[PDB]
Structure formats: structure tokens, C-alpha cells
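Engineer: This is the structure I have questions about; it appears just below.
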Amino acid sequence: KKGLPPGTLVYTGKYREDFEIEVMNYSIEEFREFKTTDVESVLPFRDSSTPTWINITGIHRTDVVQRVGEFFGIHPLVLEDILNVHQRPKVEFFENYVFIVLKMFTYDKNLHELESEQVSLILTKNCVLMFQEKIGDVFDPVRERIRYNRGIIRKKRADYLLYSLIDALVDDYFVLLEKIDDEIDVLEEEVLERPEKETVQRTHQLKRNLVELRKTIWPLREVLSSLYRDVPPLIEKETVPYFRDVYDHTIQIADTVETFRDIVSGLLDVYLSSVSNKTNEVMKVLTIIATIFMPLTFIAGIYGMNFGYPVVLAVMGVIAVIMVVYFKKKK
Amino acid sequence: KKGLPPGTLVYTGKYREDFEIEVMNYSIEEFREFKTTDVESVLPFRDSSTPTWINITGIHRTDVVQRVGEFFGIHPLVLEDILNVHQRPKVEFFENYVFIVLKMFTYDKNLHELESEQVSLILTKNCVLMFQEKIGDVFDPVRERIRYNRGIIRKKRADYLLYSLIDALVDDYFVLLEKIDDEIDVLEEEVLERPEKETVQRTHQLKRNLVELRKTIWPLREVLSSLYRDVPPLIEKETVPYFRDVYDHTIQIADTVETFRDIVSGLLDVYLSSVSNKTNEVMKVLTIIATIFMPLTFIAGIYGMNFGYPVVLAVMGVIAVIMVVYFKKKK
Amino acid sequence: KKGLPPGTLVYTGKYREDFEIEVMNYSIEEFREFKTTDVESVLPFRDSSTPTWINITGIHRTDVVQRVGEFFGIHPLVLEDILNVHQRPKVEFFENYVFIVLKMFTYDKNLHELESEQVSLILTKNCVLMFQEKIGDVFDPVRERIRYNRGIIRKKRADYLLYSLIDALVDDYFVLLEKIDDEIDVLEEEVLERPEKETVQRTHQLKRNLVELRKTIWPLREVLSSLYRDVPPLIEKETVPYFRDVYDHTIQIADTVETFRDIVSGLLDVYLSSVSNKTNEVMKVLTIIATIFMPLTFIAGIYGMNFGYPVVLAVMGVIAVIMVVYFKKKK
Amino acid sequence: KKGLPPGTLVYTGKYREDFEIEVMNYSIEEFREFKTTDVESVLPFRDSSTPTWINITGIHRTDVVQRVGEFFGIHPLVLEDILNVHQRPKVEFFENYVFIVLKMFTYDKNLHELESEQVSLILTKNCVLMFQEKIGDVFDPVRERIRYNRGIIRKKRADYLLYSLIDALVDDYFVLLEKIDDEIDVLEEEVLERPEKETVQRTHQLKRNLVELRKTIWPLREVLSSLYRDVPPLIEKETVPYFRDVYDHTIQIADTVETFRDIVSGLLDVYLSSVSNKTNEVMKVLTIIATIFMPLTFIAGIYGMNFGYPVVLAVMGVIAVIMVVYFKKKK
Amino acid sequence: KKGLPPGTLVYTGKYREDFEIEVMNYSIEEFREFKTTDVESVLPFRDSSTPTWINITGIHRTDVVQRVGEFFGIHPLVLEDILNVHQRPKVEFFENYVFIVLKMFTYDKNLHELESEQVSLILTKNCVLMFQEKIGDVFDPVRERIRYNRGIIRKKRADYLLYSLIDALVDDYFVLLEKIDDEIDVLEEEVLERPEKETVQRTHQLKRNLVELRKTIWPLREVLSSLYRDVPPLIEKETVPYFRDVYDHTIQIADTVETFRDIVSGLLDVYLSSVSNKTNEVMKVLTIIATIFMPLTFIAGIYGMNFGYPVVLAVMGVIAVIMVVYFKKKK
Ligand SMILES: [Ca+2]
Ligand SMILES: [Ca+2]
Ligand SMILES: [Ca+2]
Ligand SMILES: [Ca+2]
Ligand SMILES: [Ca+2]
Ligand SMILES: [Ca+2]
Ligand SMILES: [Ca+2]
Ligand SMILES: [Ca+2]
Ligand SMILES: [Ca+2]
Ligand SMILES: [Ca+2]
Ligand SMILES: [Ca+2]
Ligand SMILES: [Ca+2]
Ligand SMILES: [Ca+2]
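Protein chains in written order, with our numbering: chain Y, 1 to 331; chain D, 1001 to 1331; chain R, 2001 to 2331; chain C, 3001 to 3331; chain U, 4001 to 4331.
What follows is the structure, encoded as C-alpha cells:
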């Protein structure tokens, strides 16, 4: 739905069940993790000269974001955007912090429909502050790769941490495409070799979903494009050439999606031709068994007049052959 | 209709019933409001060092605009545009004043048709001069948010006032889209599960209305794009990063509209396929009940010749099965 | 047709009936007007330090243009373009003169067809030299607005005179669009509620005419775009911000035309669906009155065998109801 | 076909019949012309301080081009491009010479098919070296305009000579368009008023040919665009403003072609609608003469039962009117 | 499939059968060749001041690439891209080495389906390091042109070697297009003159394959575009103007592909019209032989009533002519 105030703090999303603030402060050497539901127990991490990750799951608490935002020096309107989930993904560069809004998807296979949660990211000094609206994410491997010190996460700084969550979120889209490639694959057979009923409505659902998809990658692609040209906190030849290979991913997604929305585009045209081909066969059979049985039931019509038996049957049986011969141009 | 003079002051709109000049002069502390129908009782507000809002409802009085425009130093041709409602939304930057033309819509639900009133805005010093052609608007909350000193309107200057009316007008489009999303939603079912008559003409009305819509957002989007790059009176880091949030909105509108005009685009193609699928079933039934009843009425045709009863009925009843079996490739 | 010389002076147009040289020399204070058919009686106006308008109606006289062009210092090839009417509208900037080619249209309502005359304009010092191929134009109001000293025409210079003829020519297109909006309006009803014969050929005529139109606005739009960026003789803040409000017009035209060529584009698709809907009804009626009258004429077929009367009529009349009931899924 | 060496001199074209080297050396005062089939008798023209035109007709002699190219200092790979006719038109600028590749067409009217010969041009000092693969060209008027000293060809230099052959080649395309405008004109009637058989395959031939065309103007347009921005040997205000009026032509071609490939694009859609309109009439007639003659042959079916004459004929003749009346909604 | 680690070395391809490291070190004077399956026996070639070509066939050995990459100073993530075959072709420029990823195709004629192997190229000093996933390639002529010292390969440096493999790989695409031009050619006849069954599914396969194709040339075209603008190791006027004539090729491919995906695009529209033309003929025949034999079997229906012989046959035979005459508007 919509708002009508001047720039307040309303939450438009519809996930009012969960609230769980997780934090992962780490150095080149160490880390902890906890799940406090207290607001204040995370504010002292602003000055921690070591990479923190203050994940605030459950945005519906406008009051929680209001406090954290007033403390971290976050602008009043850039908080509103965190709460307003009906927004195109963007990157906002500021004097202190980099602000990113992203959306991650869930495709219900079978029940052809996709659902969208909006994740906000604020990068400031050594804090990648996060905002989810519901419990559960695709950021499970990244926190696990900090947990069992796997790879080059602990070794590197705090801005690199952002370019690890963003890899994890973009990587998820590769799953969605995989589900849809395998979707099309089937709902395409359903047009060649299954000309039934709700195959059409299943096809229109796909275009609908693909448009819905497209108009959330094409912007998310621009985020990593705009996150590439500029960047204040970057550590040039460390974190920049890294996400070149996430902005590379962000392209392949919105390139794959443009393939799907180009195959599915001309799929209903396959149907209409496949169907008009069937309504040729049926049409044809009707015209045959009415050019052998409509001429003959006319002969056997006159000879019911009230005013050689094998002379009429011979001349009927010969016409039913001057017919099935003439119908060798048509078969 | 059209004009043929050199740059005079003709009103092309067709709303000749209302005339009501409302003013809202306000400071950091106070305001008044009145509804004078006198022209002169608003001219002394040009020098009021406090944010005024001189709303002139009912443009049809060419004489009223002529006077106010001659007083405020407004160019002769930029007044003509205020009266000529058949014009693409634009922003005109000048030495003294910023000139903006906008259009706001009304979608008659049921009676599938949309109507357009054109609102002009002139920003000069501490005056946001307004021009409506009919009584009633979506600027009710903004004047109410000044009225009961809600939010940061009174606190800020006069150029910010403009970027509050413009938020209010752009926000209205979110209602129109909501009405059309919920429109498509229904007039799409009407193609999957209701293949009737005036469903087609209702679909063409939508494309017509969407084109009509599109070609008034895409320019209105450019207004807030061009109102972003430049700006003389702006108060940089106060009013500029505000309407970035509104030019952000202006995008999402013309992005949502591009979704609608991409779903509806390939909707008549759903119909034509759904219909050619029905004219397969009907076509098929005709070809069956004419390949069991046209062969048999031929047998019972010869035996009306004037020249075992269960031998003919057995051989007819067997053929009416060599048929309903052969029709298991087709069902 | 075509030429094959090196850059001579051939007239490709097909209007060989009229020749009438009109001139309107004017100052801040006075003017005259005459219709001499003599070539030489207009050449002394080259040095007249007061705005002249040397309209040469009837270009077919290659000799007339040859003389005037040799006198006014006009390049040999830029004269050829004046005579060669089969050319895209352009603006040519030179060391002395600005050269503009424009086309103005005539839409024969009813006889769905549009016709094109090409008007050339050369602006040099205080002379806007004109070239029409046939008598009669849309420049009647402009010469009348000089005649009865209406508006700011006499007051201003000679380059402004150009940006008054060009307003008058561009303004004409607003009439053409008005005729075509009202055309579509009707030839659209002719697809919803009149599925006849030459409705299709009338629709294809429109796309043809719209393409023909489009590819003469899109360049004419670029003329006033290119006439905006540069300009040697301009009188900056006098004549420049004037035609901004003609290049504004030039946009709205090629924006309106892009609406028409987007409604008409998907209009034949309305037809094909409306028609395939009719060939469903007809198709359906045929399948009904052949599943009540083909089964029953089979019963009344056996009982014509030569080898209770209300027992057969009751069982026929019951089947003709087990049918009209089963046909409540289909109505 | 294709090659597999490193940059040798293979001729891919299929015109192995002709070989005829023509030369036209000329000054401000005189010229000669000859048709030597000897290679060496043209090499001394490299230093002739007067405009030469060394036309080498019949490229299939790889050896001839190899020698001339080794003498004139032409790069090894830029010769390959002269022999390889399956290439997009381009302009190659070099330290000494300008290299241009062009294609000129032949449209077999009736036998709907177009054929392509590739002409190469090398401009060096006072030599416009030419390369044709077959005898005969559209360069007949240009050599004739040198021959009888017509126009400003002899008067001007050698780089201007190039911009005379190129005018002659581009001008040819105006003939092709003329043949296709007049083609469409007919093969469009063939869709409104001739719904036959191979009208469809004739329409697809046109799109095929238009795509084939388009993708040889759009590059040839870029040649004269790129031949406009730069140019080393140009003689600025002599030869440059000349071919501006050939790059102007090059536009109108690829603009006309974009009209054709926009009319023909939606022409098969005219057909499909015109045809589905006929398969309405036919469909309709079938449903009538089976709702007057299928109900009545049922009445006259019962009265053939073996178990007032104008009472049955009156009630049959009345139903055959309760029918032809009900069929006034449908006619 | 997909990965979930931080940037390790997983091989996504599915060709786990071959492993064969071939090397071709050469100077202006000599070369050797061998097929060692040992990893270490190729590492000393890093410093060989003479052009080496270290082809590593069979990427599935992650360990082999890991070692060679750690030795040659190759970044950890740019190795991952060598193993991850599901990636868009790109060129990566670095401080030491140029990194290129390319894909080469195999089109199974008949079994309408195309298969893709990914070839990686790393250019460093005098080493063009290669990475194939399966045995066999189109690089047979290039190694043969080194082998029997053909052309200018041995004569030139090591960066030129890259622009010989890349010519060989791009040249292969000319074969694919040749197979598809000849494919369309046939599967187009199959729409004009063969309106059968799986012609539709064969057409959709083509669009599918063409999209699949297009979205691997359009990037491969950009590789040679980006490999043209920049280049650190280039030897300017030696290796640069060479591959201009490969980036020229890279264009013609993605221009030819855009022709195919523009002919095939409107091919199903040929079918649907060709078919709706047949379902006119069939439809028509049915309506004839039911307007001569449905009226007459009505006459011979009344005269079976139980309540001049050549008077009825004359009046039936005359109506069967008032019919076949009326059907001269329809034939
Ligand atoms: Ca708001
Ligand atoms: Ca005007
Ligand atoms: Ca916002
Ligand atoms: Ca279509
Ligand atoms: Ca010419
Ligand atoms: Ca006349
Ligand atoms: Ca205006
Ligand atoms: Ca009978
Ligand atoms: Ca080659
Ligand atoms: Ca080449
Ligand atoms: Ca010209
Ligand atoms: Ca990853
Ligand atoms: Ca990568």
C-alpha cells in the first residue's frame, strides 16, 4: 500500500512475525556471534576498529531502526527506504556511508508464483549493517565461512565483507534461473506435445513472472555497475577487482533473463500454430466423411421415392473411390 | 482544439465552472488561509519574506492570470502554456523563476476511461504560485500538514514547499497504478476464464489508456530528472536530496507503467489462442457426430430402397465402435 | 523520379501551374505588399536594412531560382535541394545564410491519403527568402499579423521573422494530428463494432500513412533541435527562447505520432481476435444444429427400412433435451 | 565459401569470365581512354601529377591485383579484402591511401531476387584505383561526364573524382528503391484483393530481400558518415561540402529502406486477417444451409416412417422463414 | 550446476575423459612439439624468450591448473573462470597477462542441437597459455602453419600467436553460420511447401538455438572490440592492424546472426498464414458439398412421404447448377 506523510518511518512490508538481531564482529584473528533481541546491546560496535556485521532481522519494528539510524548518523529519508520494501534496488553514496538496497527471491515451484524480500545494506567504517524483513536467508554460507575461518574473509577488511554478502545474494539468482530454465523446459513440451487447457494460462504466468523478474535484475545490475565506477571506501586493488566478478555475475543474470523473456515471448505463437494445425486435421476429417457420405446418402435418397440392386451399390462404391483417390492430393 | 495568434492568452481546457483563489502564507512560526475571489488581494505577497502558496483554482479566467503574470514578471509565452492544457509536462528554468507544468489523473473505474487536469507551478523567491483548472486536488494533505504543523514543512523554506506539492502530485500516480494493477488482474481473468464478447474491446481500451498514461509519465519523469541536474534556488543539501526521493518515485512509476504496457501488450495473444482452442473443441465435436451419424444414416439410407433386422443394427452398432475407438487418438 | 547530372538545377516536383512572387518588406514602422511575376523587381531587397520576406511561389521555374540564387550568393547545390522536393527536411548552416527545408501536409479526409508540398527557407541578413511549389499555404495568419500590426512581429528583427513562418508551418501539423486522432477514433470503432470487409485495408492505409508521416516529423524535429544548439544570427535572449517553444511543439508532434503508430500498430490484432470470436459463434451454431438434427434424422432413418408412434417421437424429443441440457456448458 | 590461410590473396567471388583494365587520366585540359589487358601498361600512372582513374574490371585475376598492390604500396591484407567479396562495406584510412569497399545491386524484377557485385576503391594522390568483378556498371555517366567535359569534373582534383564514382554508385540505390516501392505497391494489392497461394511466399521473399538490403545500406551509410568526420586528402571547402550531399543521400536510402521494412513487416498480418475474414463467410454459409436444410430434412425424415400434404410443406416453409429472419442479426 | 564457496577451484564442465598437455615453443628459426601428461615438464617455459604455446587439454584436473596458475602468477579468481565453463566470453586485462575466455561450437546437423566447449587464453610475455576441456579443436591449421613454416607466424612474436588462435576460433563460426544458412534454407521450404507436424517444433528449435547462439557472439564481438581499444602488449602497427581484421570478422558474425534471428523470427507467421489458407480450402469444400447435397437430399426427403420422375431430377439437376454457377464468385 501507500503513505501520505512527509518522510516518516512506516513499514510497508507484510512480515510481522520475527525479530532477531544477530552480530558478527571479527578481526584478522577472532570473532563472536550472538542473537540478542535487545536494541542497545549492538550500538557500542560503531567504534570497534574491527569488521562488524550488525544484521537486524525483522524490520517491522520501526522503533529499532529509528534508534540504530539516529545513532549511526543515518539520514532520516534513507531509513524510510529500508522500511519501504516496494522500491527499485539502488545504491546511494554518501559522505560517511554507502547505502544499498537489494531484493532476493523465492520461486514456489508447482504453484507458479514468486515472492520477494527486500534486504538493505549500509556500509560504514567497519560495519556492514543489514536489514531483513523475515528470518532465513542465503547468507548462511558467508557467516559459516567466517565461522570456520574458510577462505580470505577474516584476513581482509570490513568493506570486503559487503562484497561477500552481495556475492551470496546475487549467487541466489543463479538458483532462480536454474528453476526457470527447468521450468520453461517442461512448460515448452506442454506446447509441442500436450495442447491442453491451462497450458496457456501457465505460459502467461511465466511472462508475467519474467517481467516481474527482469525489472529487479536490470536495476540490481546497475547497482553493481554504479558500485564499480566510483566507490569511496574501496581499498582499490583488493575489493574492487573482486566485485568486478560479482558485477560480472549481475550481468549474466540479466542476460540469461533476457534469453528467457525472448523464448517465452514467442511461445504462445508456437501454440497458436500447433492448434491451427489441429483445427486443420479435425476440419479435414469432417470434410471427407461428408463428401463420401453426403453424396451417397443422396443417391440412397432418391431411391426412397414413392411415385439391379448391385447397380446402385456398384455406382455408389465407385464414387466412394473416385473420392478416396481425389483425396490423395490432401493426404 | 487549436489556436492561430502569435502568443496571446487563450485557455484551451474545458472546465469553465469554478474560480477560487486560495493562499497559504507561512513562516517558521505561523500561517493563515483564505478563499478570496478578488484578484488584487494576493499581489502584495510577492515581497513577503515568508513562504507563500498562491493557489489560483480555475484558470479559465484568462484575465486573472494575465494580471498576476504581469505583476510577478512572468514571460508572456510561459503564461500561455499555463492556459494551454494540451501540452507535455516540462520544466522551464529562468533568470528569476522556475516554471513547471504537471498533469494529474482521474481513472473512472468501471467506465474504463481516464481524465486529465493540468497543474502549473511557478517558483519565485518565497512564492510557489499554482494554477489548477478545476476545484479539488491531491494537495489536501500538504495544506493540512502546514495547517496542524506536521513534519518539517514550516521549519523549511519556500523552494522546499514546491517539493511537497510535487511529492503530493506524483504520489497520486501510485493510486492510478493500484487501480490499474487491480484492473489488469480482473481483465486478465476475463481472457483465461470468460472468453465472451466485449472482453476484446475492454482490452484495447487498456492499451489505449496505457499509451495515454505512458506518454505523460515518461515526460513527468524527465521533469524530475531535469529538476535534479541543475537548479538555481535549491539550498543544496536540504531540498536536493529530498526530491531525489521523488525523482526516485517518478522512475518507479514509469517503470511500473512499462510493466503494464508489456503484460497487456501480449494479452490479446492469450485470447486468440484461448479462442482458437475453443474453436478446436467445437470443431471436433462436429467432426465426430458426423462420422458416426453420417456413415450410419448412409446404411439406413440404402435400406430405404424401393426396387435379419439385428444384422444391420449389429453392423451399425459395431461401426459406431470402430469409430469411438479410433477416436481415442483424439481424446 | 530521379536525376543523373553532376549538381544542376532540375525540379522533381509535379506542380507546374502557378507562379507568383510575393514580397513583404517591413520596418518597426511600416510595410508594403505586392504580387509581381517579374524576377528582377525583388533583387534590390538584398541590401534593404529592414526585414524583407521574398516569397517565391511556384518553384517549377528553374530559371527564376537560378537568378535569385546567383545574386544572393547561394551555393549551387543548396539551390538544387530547393528544387528537389523528394528530400528529408534539414537545416544547413553556412558562413552567410541559414538554409532550412521543410514539408507541410494535406490530409484528404475520406479519401484516406496525404499529400506533401516542400517549402524551403533561406535566412540571410534581413531577408527570409521562401520557396513554395504551389499557391496557398498556412502562412496566411503570419502575413496578416504583419498586415494589421498584431503582436510583436514588426517590433522585432528579420531572423525572428523566420521563427514565425516556422511556428506557422509546425502549427499546421497539430491540425493533421487532430484529423488523425478523429480518424483513428472512428476507424477503431470499425474494428470493435463493424467487422466488415475494407476495414482491414483502411487500417493498413493508416499504418502506411503514419509511417509516411513519422518519417517527416522525426527529421523536422531534428531541424528545430539543430536550430537550437548552434545559430549564428540568433539575437540570443530574444529569438532563441522563442523557438524553444516551437522545438517544444516539434517534440509533441513526433510524440503524438508515436502514440498513433502504437495504437494502430496493435489494431489489426484486435480485429483478428474479434473475427476469430465470430468464427466461434458461427462454428458453434453449426455444431449444435447437427448434434440434435443429425442424431434424430438417424433414428428417423432406420424407420424408413423396407425389410407406438409417440414412442419414437418421445425418445427423439428426449434426446433433443439430453442435448440442449448438455449444451449448458457451452452457453 | 571460406578460407583458412594467414592472409593470402584468394578471390571468393563467382564471376570468372571478364578481364578488362580501363584507365582515364585527365587534367584541367585533356584526357585519354583505353582498354589494355596488360598489367604493366598502367603502373607508370602512379606519379602522373594529374587525376588518373585506373579501373581494373575482373578481380578473379589474383595475380593482377597482387602486382598493382605491391607497386602502389598497398598493405597485404587490404588487398585480400578487395578479393573477398563476402564483406561488409567499410572505409579504411591509411598513412598514404584511403580504402573504400562498396556493394552495388541488381534487382531481377519478376524473379524476386537480388544480386550483389562488390566494388573496391583506393584513393592515393591523383589515382582513384578501382576494382570490379564483372563487366558493366553504373559508372557510365561519370566517365561520359569526363568524356564530353560536362560539369565541374575536369576542373577539380583527383580526390573529387572519388566523390563522383561514389555519387554514381549511391545514386543507383535510388533505382532499387524505386523498383521495390513499385514492388510493394503491387505485392500489397495481392494481399487486399487477391488472397491466393504463393502471395505469402512472395511476401516472405520481400522481408528476406529487405533484410539483405538493409544490412548493406546501414554500413554503406556509415562509410559516408566516417568519410565525413575525418579525411586527410579532402581539400576542405571543396570536396567535403560536396559529399555531405551524398552522405545526405546515404541517409535517405537507409531511411526509405526502414519504411519498407516497416510496411512489409505488418503485411502478413493483413493477410491473416483478410483470410480469417473469408473463413468467416465460408464458415457462415455452411452454418446457414444446415440450419434450414438439416431441420427440414428431419421433418421429412419422420414422415418416411413405416409403422394434409400442404400442412407439412407449410410448416416447413414457415420454419425456413423463422430461420431466414433470425439470420438478419448475422447479415 | 552451481558453487557456494568463496573463490576456490571447481570445474563445472562435464568432460572428464581426456588429459593431454601439448606445447609448441618456437623462434624465428625452429620449433618442437610433444604431448607430455606430466605437469612439471612445461613450467620452465615461462622464461623462454621465444614464443611458446602451452596448450593444456582437459581442464577437469583442477590440480594441474592450480599449479600452472600459481607458477605463472595468475590471480586465484581468474583461474576459477577457466574451470567454470558456464560463463560469458570476456577479456580481462592485467598488470602482467591478458586473459581471454572464448567459446567454440559444434552443430549436430539433423539432430537439431548445438554443443559448447569453453577455451581460455592467457597471454604472458612469450607464452600463450591455453585451456581446452576436450580433445580436438579448430586450432589444427594454426599448429600446422607453424609446423611446415607457412606464412608469417614464425617470423613474428608471441602476442601475434594469440591473434592466430583467435582467428582460427572465430573462423569456425563461419562454418556454423554456413550450416544454419543451409538449415534455414531447408526448414523454410518446410513451411511454404510441406505444412506437416513437427515442422513447428523444428522452427522453435531454431529460434532457441539462435538465441543461444546470439548470446555468445554478441559478447565474443565485444572481446575483440575491447581487445582493440586498449592492449598493453600489442606491437602497435604489427599485431593491432592484424586483428582489426578479426574484430571485423567478429562483427560480420553477430551481424549475420542478427539476420537469421530476423528471418526465423517471422517464419512461424508464414506458417500460421499458410495453414489458415489451407483451413480455408478444406472449409470451402465442406461448404460446397453441403449446399448442393443438403438442399437436394431435402427434395428427395419430402418425396419419401407416406401420406413425372424426370420433373424432380430436372429440378434437382438445375439447382445443382444454380449452385455451381453461384460458386464462381468463390472459385
Ligand atoms: Ca512521500
Ligand atoms: Ca504558436
Ligand atoms: Ca526513498
Ligand atoms: Ca503476433
Ligand atoms: Ca547525383
Ligand atoms: Ca494552384
Ligand atoms: Ca509553449
Ligand atoms: Ca429417408
Ligand atoms: Ca583468415
Ligand atoms: Ca579482411
Ligand atoms: Ca542535396
Ligand atoms: Ca559465491
Ligand atoms: Ca568469476
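Cβ coordinates follow ideal geometry from the N, Cα and C atoms, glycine included.
Is it buried or exposed, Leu4111(U), if we count other Cβ atoms within 10 angstroms and call 16 or more buried?
Structural biologist: As a working mapping, residue 4111(U) is identified with position 111 in the fifth sequence. Result: exposed.
Engineer: Which residues have their C-beta within less than 5 Å of a heavy atom of ligand 8, listed in chain order?
Structural biologist: Working through the chain, the matches are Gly304(Y), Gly1304(D), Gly2304(R), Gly3304(C), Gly4304(U).
Engineer: Can you give the Cα-Cα distance for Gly2003(R) and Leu2083(R), rounded to whole angstroms?
Structural biologist: Here residue 2003(R) corresponds to residue number 3 of the third sequence, with the count starting at 1. Here residue 2083(R) corresponds to residue number 83 of the third sequence, with the count starting at 1. Cα-Cα distance, rounded: 12 Å.
Engineer: Who are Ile100(Y)'s beta bridge partners in DSSP?
Structural biologist: Taking the first sequence and counting its residues from 1, one reaches residue 100(Y) at position 100. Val91(Y), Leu121(Y).
Engineer: Check whether the Cβ of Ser1276(D) lies closer than 8 Å to any Cβ atom in chain R.
Structural biologist: For the purposes of this step, residue 1276(D) is taken as the residue at position 276 of the second sequence. Closer than 8 Å: yes.
Engineer: CB of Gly1069(D) to nearest heavy atom of ligand 5: below 7 Å?
Structural biologist: Taking the first residue of the second sequence as position 1, residue 1069(D) is located at position 69. Incorrect: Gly1069(D) has no Cβ contact closer than 7 Å to ligand 5.
Engineer: Pull up the distance between the alpha-carbon of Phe4327(U) and that of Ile4299(U), whole angstroms please.
Structural biologist: Stepping through the fifth sequence from its first residue, residue 4327(U) is reached at position 327. Stepping through the fifth sequence from its first residue, residue 4299(U) is reached at position 299. Those two C-alpha atoms are separated by around 21 Å.
Engineer: Who are the near neighbours of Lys3109(C) in its chain, counting only those whose CB is closer than 8 Å to its CB and skipping five residues on each side?
Structural biologist: Within the fourth sequence, the letter at position 109 stands for residue 3109(C). Counting only Cβ-Cβ distances below 8 Å, and skipping sequence neighbours, we find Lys3179, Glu3183.
Engineer: Give the DSSP-derived three-state secondary structure of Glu2196(R) in the structure shown.
Structural biologist: The residue you call residue 2196(R) lines up with position 196 of the third sequence. Correct three-state label for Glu2196(R): coil.
Engineer: The beta strand (DSSP E) that contains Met2130(R), what's its start and end?
Structural biologist: Within the third sequence, numbered from 1, the residue matching residue 2130(R) stands at position 130. It spans 2127–2132 - the beta strand (DSSP E) in which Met2130(R) sits, taken as one unbroken run.
Engineer: Distance check for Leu192(Y) and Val1142(D), CA to CA, integer angstroms please.
Structural biologist: As a position in the second sequence, residue 1142(D) is number 142, starting the count at 1. As a position in the first sequence, residue 192(Y) is number 192, starting the count at 1. One C-alpha to the other measures close to 57 Å.
Engineer: Starting from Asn1055(D), follow the alpha helix (DSSP H) in both directions and report where the run begins and ends.
Structural biologist: Within the second sequence, the letter at position 55 stands for residue 1055(D). No alpha helix (DSSP H) contains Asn1055(D), which is instead part of the beta strand (DSSP E) from 1054–1057.
Engineer: When you compare the CB of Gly13(Y) with every CB in chain D, is at least one pair closer than 8 Å?
Structural biologist: For this step, residue 13(Y) is matched to residue 13 along the first sequence. No, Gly13(Y) lies away from the interface with chain D (no Cβ there is under 8 Å from its Cβ).
Engineer: Where do the N-terminal and C-terminal ends of the beta strand (DSSP E) with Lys3035(C) fall, by residue?
Structural biologist: The residue labelled residue 3035(C) in the question sits at position 35 within the fourth sequence. Residues 3034–3036.
Engineer: Please classify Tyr2107(R): does DSSP put it in a helix, a strand, or coil?
Structural biologist: Position 107 of the third sequence holds residue 2107(R). Residue state, collapsed to three classes: strand.
Engineer: Does any residue of chain Y have a CB that is nearer than 8 Å to the CB of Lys4207(U)?
Structural biologist: The residue you call residue 4207(U) lines up with position 207 of the fifth sequence. Closer than 8 Å: yes.
Engineer: Please name the residue or residues paired with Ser1225(D) in a DSSP beta bridge.
Structural biologist: The residue labelled residue 1225(D) in the question sits at position 225 within the second sequence. Partner(s): none; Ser1225(D) has no beta bridge.
Engineer: Regarding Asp4245(U) and ligand 10, is the C-beta to nearest heavy atom distance less than 7 Å?
Structural biologist: Taking the first residue of the fifth sequence as position 1, residue 4245(U) is located at position 245. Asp4245(U) Cβ: within cutoff of ligand 10.
Engineer: Taking a cut of 9 Å between CB atoms, which residues from the region 132–146 of chain Y lie near chain U?
Structural biologist: Those would be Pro141, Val142, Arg145, in chain order.
Engineer: How big is the Cα-Cα spacing for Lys4014(U) and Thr4008(U)?
Structural biologist: Position 14 of the fifth sequence holds residue 4014(U). Position 8 of the fifth sequence holds residue 4008(U). Cα to Cα, the separation comes out at about 18 Å.
Engineer: Could you check whether the Cβ of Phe1293(D) sits closer than 8 Å to any Cβ belonging to chain R?
Structural biologist: Along the second sequence, read from residue 1 onward, the residue named residue 1293(D) stands at position 293. Chain R contact via Cβ: present.
Engineer: Going residue by residue through the region 1266–1324 of chain D, where are the continuous alpha helix (DSSP H) segments of at least 4 residues, counting only ones entirely within it?
Structural biologist: Within the region 1266–1324 of chain D, the complete alpha helix (DSSP H) runs of at least 4 residues are 1268–1288, 1296–1302.
Engineer: Taking any Cβ of chain D, which residues in the region 2279–2292 of chain R have a Cβ under 8 Å from it, in chain order?
Structural biologist: Those would be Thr2279, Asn2280, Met2283, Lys2284, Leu2286, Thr2287, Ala2290, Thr2291, in chain order.
Engineer: Could you check where the alpha helix (DSSP H) with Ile4251(U) kicks off and where it finishes?
Structural biologist: For the purposes of this step, residue 4251(U) is taken as the residue at position 251 of the fifth sequence. 4240–4263 is the extent of the alpha helix (DSSP H) around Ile4251(U).
Engineer: Taking the DSSP output, what are the residues bridged to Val2138(R)?
Structural biologist: Position 138 of the third sequence, counting from 1, holds the residue named residue 2138(R). Looking at the DSSP assignment, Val2138(R) forms no beta bridge with any residue, so it has no partner.
Engineer: For the structure I just gave you, are there three or more beta carbon pairs, one from the region 4089–4101 of chain U and one from the region 3310–3318 of chain C, closer than 8 Å?
Structural biologist: Result no; under three Cβ-Cβ pairs closer than 8 Å.
Engineer: Please tell me whether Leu3162(C) has its Cβ less than 8 Å away from any Cβ of chain R.
Structural biologist: In the fourth sequence, counting from the first residue as 1, residue 3162(C) sits at position 162. Answer no: the Cβ-Cβ gap between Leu3162(C) and chain R never drops below 8 Å.
Engineer: Taking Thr4297(U) as the query, report the chain Y residues whose CB atoms sit under 7 Å from its CB, ordered along the chain.
Structural biologist: Translated into positions along the fifth sequence, residue 4297(U) becomes position 297. Per Cβ cutoff of 7 Å: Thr297, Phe298, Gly301.
Engineer: Using CA atoms only, rank isn't needed, just tell me which of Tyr1173(D), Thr1203(D), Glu1022(D), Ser1041(D) is closest to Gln1132(D).
Structural biologist: For the purposes of this step, residue 1132(D) is taken as residue 132 along the second sequence, with counting starting at 1. When only C-alpha atoms are compared, the closest one is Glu1022(D).
Engineer: Consider the C-beta atom of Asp4262(U) and the heavy atoms of ligand 9; say whether any pair is separated by less than 7 Å.
Structural biologist: Start at 1 with the first residue of the fifth sequence, and residue 4262(U) comes out as number 262. No, the Cβ of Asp4262(U) stays beyond 7 Å of every heavy atom of ligand 9.
Engineer: Which residues in chain R have a C-beta closer than 7 Å to the C-beta of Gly1073(D)? List them in chain order.
Structural biologist: Counted from its first residue, the second sequence places residue 1073(D) at position 73. Residues of chain R passing the Cβ test: none, with the nearest at roughly 15 Å.
Engineer: Would the C-beta of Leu3009(C) count as close to ligand 10, meaning under 7 Å from any of its heavy atoms?
Structural biologist: By 1-based counting over the fourth sequence, the position of residue 3009(C) is 9. No.
Engineer: State the CB to CB distance for the pair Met4104(U) and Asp4172(U), rounded to an integer number of angstroms; the pair is presumed to be in contact (CB under 8 Å).
Structural biologist: Here residue 4104(U) refers to the residue found at position 104 when the fifth sequence is read from its first residue. Here residue 4172(U) refers to the residue found at position 172 when the fifth sequence is read from its first residue. That pair is a contact at about 6 Å.
Engineer: To which residues of the same chain is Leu1169(D) closer than 7 Å at the C-beta, ignoring the five residues directly before and after it?
Structural biologist: In the second sequence, the residue the question calls residue 1169(D) occupies position 169. Once the five neighbours on either side are set aside, the close Cβ partners of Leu1169(D) are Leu1102, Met1104, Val1119, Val1138.
Engineer: Which one or two residues does DSSP pair with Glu3022(C) in a beta bridge?
Structural biologist: For the purposes of this step, residue 3022(C) is identified with residue 22 of the fourth sequence, where counting begins at 1. Answer by DSSP bridge pairing, in chain order: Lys3035(C), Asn3055(C).
Engineer: How would you call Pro2051(R), buried or exposed, if buried means at least 16 neighbouring beta carbons within 10 angstroms?
Structural biologist: Indexing the third sequence from 1 puts residue 2051(R) at position 51. Counting Cβ neighbours within 10 Å, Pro2051(R) comes out buried, since at least 16 surround it.
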